[PDB]
Amino acid sequence: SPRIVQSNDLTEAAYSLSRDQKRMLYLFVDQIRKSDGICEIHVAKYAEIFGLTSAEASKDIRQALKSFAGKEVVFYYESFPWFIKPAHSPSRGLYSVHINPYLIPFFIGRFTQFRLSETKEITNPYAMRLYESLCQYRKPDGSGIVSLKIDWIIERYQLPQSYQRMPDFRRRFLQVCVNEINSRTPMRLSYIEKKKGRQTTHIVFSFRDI
DNA sequence: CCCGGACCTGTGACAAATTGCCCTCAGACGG
DNA sequence: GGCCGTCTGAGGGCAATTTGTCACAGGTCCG
Ligand SMILES: [Mg+2]
Ligand SMILES: [Mg+2]
Ligand SMILES: [Mg+2]
Ligand SMILES: [Mg+2]
Ligand SMILES: [Mg+2]
Ligand SMILES: [Mg+2]
Ligand SMILES: [Mg+2]
């Protein structure tokens with residue numbers, strides 16, 4: 001199945017995207033890499049890739065597309081808009097989109113890679129972000145270990161404000177996304193908390209491949 | 001000493017958002 | 001050639017779950 005590769009600068013960028021938007025973004029990066037910024041998406045192909053009906057594919061594409069407007073991306077800093085023209089459909093079942101050509105070099109550069117089947121069943125977009133960050137440190141054989149700082153997790157994934165209270169961070173983000181990865185990818189993930197005084201400062205992740 | 005206070009933890013409630021489903025009906029095409 | 005039957009997909013919606021927010025119980029240490 002398709003092998004996504006991307007510059008680490010994207011793995012570590014600050015942005016806020018939905019699951020459906022992140023799914024489309026993987027195909028754009030794939031289209032661009034296999035070569036102005038003009039990409040295309042077919043309804044019926046999207047449906048087959050992610051096991052959706054044609055109707056629900058159409059709904060997902062259409063709503064993802066109008067929610068890109070005004071979204072912006074920050075590389076740590078420098079901010080860019082994803083799209084520089086609205087999306088549009090020349091033919092029935094077909095969409096044409098205009099990615100910011102100044103984004104091309106951030107996509108293709110020190111890189112991260114995974115096959116698309118590894119991520120296509122994940123539902124929570126923050127769990128997609130976490131699985132991408134871990135892949136960045138994976139070894140050939142399939143294992144790795146990394147310590148991520150909590151403030152940088154909050155900044156980069158643009159987590160919502162109530163997850164600055166640590167018990168809510170644990171309950172609604174960390175535990176849920178470690179559970180998804182363990183249930184929905186071929187990765188097996190564990191972690192431990194690093195402390196300084198009363199405050200928890202980092203999370204230490206270890207993982208292997210099944 | 002014990003206080004009120006500034007920190008930290010977890011859980012019960014409720015609000016807001018997202019999920020896969022379901023139904024309608026016109027577009028595109030070919031036999 | 002041209003209508004119609006079928007495969008699509010662009011709409012309109014739904015209830016069940018998940019995600020996002022905050023009050024209050026209950027621990028520690030400080031001055
Ligand atoms: Mg969302
Ligand atoms: Mg949907
Ligand atoms: Mg403290
Ligand atoms: Mg004594
Ligand atoms: Mg008392
Ligand atoms: Mg009690
Ligand atoms: Mg008390």
Side-chain angles (χ1 to χ4, degrees), chain A residues 14-28 31 39-72 82-83 86-97 116-134 147-185 187 189-204:
Chain A
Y15 64 83
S16 177
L17 295 179
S18 81
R19 183 205 59 181
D20 293 353
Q21 290 169 320
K22 271 192 80 60
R23 276 172 171 183
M24 289 175 66
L25 173 53
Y26 290 150
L27 317 168
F28 299 147
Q31 173 149 29
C39 309
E40 311 184 1
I41 288 179
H42 292 64
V43 180
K45 186 52 165 163
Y46 187 111
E48 203 191 316
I49 287 182
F50 300 108
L52 295 170
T53 64
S54 179
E56 183 73 29
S58 172
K59 198 202 293 295
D60 291 343
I61 290 91
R62 291 185 283 110
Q63 292 180 351
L65 278 182
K66 283 270 264 163
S67 291
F68 267 102
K71 296 292 182 73
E72 80 194 22
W82 296 96
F83 294 7
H88 82 79
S89 165
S91 306
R92 183 171 169 85
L94 183 64
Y95 293 81
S96 176
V97 65
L116 169 77
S117 53
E118 280 166 80
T119 63
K120 57 191 197 172
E121 300 198 68
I122 310 183
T123 311
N124 189 314
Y126 302 139
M128 309 169 75
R129 302 281 338 250
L130 179 56
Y131 184 104
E132 277 168 47
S133 287
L134 295 163
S147 160
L148 295 173
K149 221 196 161 179
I150 291 173
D151 294 341
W152 177 102
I153 286 178
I154 286 165
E155 169 179 61
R156 253 53 164 184
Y157 306 178
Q158 288 186 346
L159 297 191
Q161 70 81 16
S162 75
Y163 298 163
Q164 283 177 344
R165 208 183 67 98
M166 208 52 82
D168 294 326
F169 178 94
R170 283 180 192 105
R171 183 161 74 155
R172 292 286 196 259
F173 155 69
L174 183 57
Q175 283 157 206
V176 303
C177 295
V178 162
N179 165 74
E180 284 206 1
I181 290 170
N182 275 321
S183 304
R184 297 255 164 87
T185 74
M187 178 153 80
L189 179 65
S190 85
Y191 70 84
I192 59 174
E193 298 190 13
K194 177 157 155 192
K195 313 176 46 163
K196 164 174 268 199
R198 287 187 190 179
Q199 281 72 45
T200 292
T201 70
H202 304 52
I203 305 281
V204 174

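A, B, ... follow the sequence lines: proteins, then strands. Residue 1 opens every chain. Computation of the quantities below employed the complete heavy-atom set of this structure, encompassing side-chain atoms and omitting hydrogens, waters and symmetry-equivalent molecules.
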query: Reckon A/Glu56 touches a base, only the sugar-phosphate, or nothing at all at heavy-atom distances under 4.0 Å?
result: base
message: Without decimals, in angstroms, what is the distance between A/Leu94 CG and B/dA28 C1'?
response: 14 Å
query: In whole angstrom, what separates A/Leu17's CG from B/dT18's P?
result: 13 Å
- request: Check the distance between B/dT19's P and A/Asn124's CG and give it to me in whole angstrom.
  value: 10 Å
- prompt: Is the distance from OP1 or OP2 of B/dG10 to the nearest side-chain N or O of A/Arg165 less than 4.0 Å?
  reply: no
task: Measure centre to centre between the rings of A/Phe68 and A/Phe83, then say whether the value is under 6.0 Å.
output: yes
message: Could you tell me how far apart A/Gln21 (CD) and B/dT19 (P) are, to the nearest whole angstrom?
response: 11 Å
- prompt: What residues in residues 167-175 of chain A put a non-hydrogen atom under 4.0 Å from any atom of DNA chain C?
  reply: A/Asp168, A/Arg171, A/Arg172
task: Pick base, sugar-phosphate or nothing for A/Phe50, based on heavy-atom distances below 4.0 Å to the nucleic acid.
output: nothing
- prompt: Touch check for A/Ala57, heavy atoms < 4.0 angstrom, all strands: base, sugar-phosphate only, or nothing?
  reply: nothing
query: What heavy-atom pair brings A/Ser147 and A/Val204 nearest, and what distance separates the two atoms?
result: CB-CG2, 4.1 Å
query: Judged by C1'-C2'-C3'-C4' (positive north, negative south), is the sugar of B/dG5 north or south?
result: south
field: Classification of the C/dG27 sugar, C1'-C2'-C3'-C4' positive north, negative south
entry: north
message: Strictly distance-based, threshold 3.5 Å: is any side-chain N or O of A/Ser67 a donor or acceptor partner for the main-chain N or O of A/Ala64?
response: no
- request: Look only at the side chain of A/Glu180 and the backbone of A/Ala127, and say whether a donor-acceptor pair between them is shorter than 3.5 Å.
  value: no
query: Could A/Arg62 and A/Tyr95 be counted as a cation-pi pair, given that NZ or CZ must be under 6.0 Å from the ring centre and within 45° of the axis?
result: no
- request: Output, in order, the C-alpha distance, side-chain angles, deciding distance and verdict of side-chain contact (heavy atoms from CB on, under 4.5 Å) for A/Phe169 and A/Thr200.
  value: CA-CA 11 Å; A/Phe169 178 94; A/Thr200 292; over 6 Å; no
- prompt: Rounded to the nearest Å, what distance is computed from the CG atom of residue A/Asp60 to the P atom of nucleotide B/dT18?
  reply: 12 Å
message: Check whether A/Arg129 reaches the backbone of A/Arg156 with its side chain - one donor and one acceptor, N or O, closer than 3.5 Å.
response: yes
task: Examine distances only and state if a side-chain atom of A/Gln21 and a backbone atom of A/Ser18 form a donor-acceptor pair shorter than 3.5 Å.
output: yes
message: Any heavy-atom pair between the side chains of A/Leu116 and A/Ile49 that's under 4.5 Å?
response: yes
- line: Nt span of DNA chain C in reach of chain A heavy atoms at under 4.0 Å, 5' end first, is C/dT8 to C/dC29
query: Is the backbone N or O of A/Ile122 less than 3.5 Å from a side-chain atom of A/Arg19, with the two atoms forming a donor-acceptor pair by type?
result: no
statement: Expect the sugar of B/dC7, by the sign of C1'-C2'-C3'-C4' with positive north and negative south, to be north
field: A/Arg92 side-chain proximity, nearest of B/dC8, B/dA28, B/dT19
entry: B/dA28
query: Which sugar class, north or south, is indicated for C/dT19 by the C1'-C2'-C3'-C4' dihedral?
result: south
- prompt: North or south: where does the sugar of C/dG12 fall when you read the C1'-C2'-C3'-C4' torsion?
  reply: north
